[PDB]
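[1] this one's a deposited entry, sequence included:
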Number of protein chains: 2
Amino acid sequence: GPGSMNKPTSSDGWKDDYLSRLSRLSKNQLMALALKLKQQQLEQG
Amino acid sequence: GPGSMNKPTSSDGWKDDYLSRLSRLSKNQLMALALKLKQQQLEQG
C-alpha cells in the first residue's frame, strides 16, 4: 500500500477525508478556511 | 499593461459579506461549499 491508508492514490476518495477533517473546525476557523480557498480560486486563471 | 498591483485596495469588502453569508449555512452545507471551492482550486492553476 501507499502508506497507513488502504485507499489507492490520485482517486476521488480524498473528498470523504476532506469532509471528515472540515467538520472538526470551529465556526470562525471554517469561515477563515473557506475564505482562504475562495481568494485562491479568484486569483488563479 | 503591468501586472502589479494584482488589484487596487478598492472592493476588498466582498470578504466581509462572504463571512456574513458562510455563517448562515448548516454543518453539511458549509462543507459542500468548501468542497466545491477545493475541487476548483485543485483543477485550476
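    That came through, no problem. Numbering: from 1, shown residues only, chains lettered A, B, ... in the order given.
[2] tell me, what residue is most central in chain A?
    residue A:18 (3.9 Å; C-alpha atoms, centre = their mean).
[3] element containing residue A:17, please.
    helix A:14-22 (DSSP states H and E).
[4] can you give me the buried ones in that helix?
    For helix A:14-22, the buried set under the neighbour-count rule, 16 or more other C-beta atoms under 10 Å in any protein chain shown, comprises residue A:22. In short, each C-beta sits where N, CA and C put it, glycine included.
[5] are that helix and chain B in contact anywhere?
    Yes - for helix A:14-22 and chain B, the contact criterion (C-beta under 8 Å from any C-beta of the partner chain) is met by A:15, A:18, A:19, A:22.
[6] in the helix or strand just after that helix, what's buried?
    Toward the C-terminal end, the helix or strand that comes next after helix A:14-22 (DSSP H and E) is helix A:27-43. Going by neighbour count (16+ other C-beta under 10 Å), the buried part of helix A:27-43 is A:30, A:31, A:33, A:34, A:35, A:37, A:38, A:40, A:41.
[7] what sits up against helix A:27-43?
    A:22, A:25, B:6, B:15, B:18-19, B:22-23, B:30, B:33-34, B:37-38, B:40-41, B:44 (C-beta atoms under 8 Å, 6 or more residues apart in numbering or on different chains).
[8] residue A:2: which of those residues is nearest?
    When the contacts of helix A:27-43 are compared for distance to residue A:2 (C-beta to C-beta), residue B:38 wins out at 20.7 Å.
[9] what's the distance between the closest one and residue B:9?
    28 Å (C-beta to C-beta, to the nearest Å).
[10] for residue A:2, what are its contacts?
    Counted by C-beta under 8 Å, 6+ apart, residue A:2 has contacts A:8, A:9.
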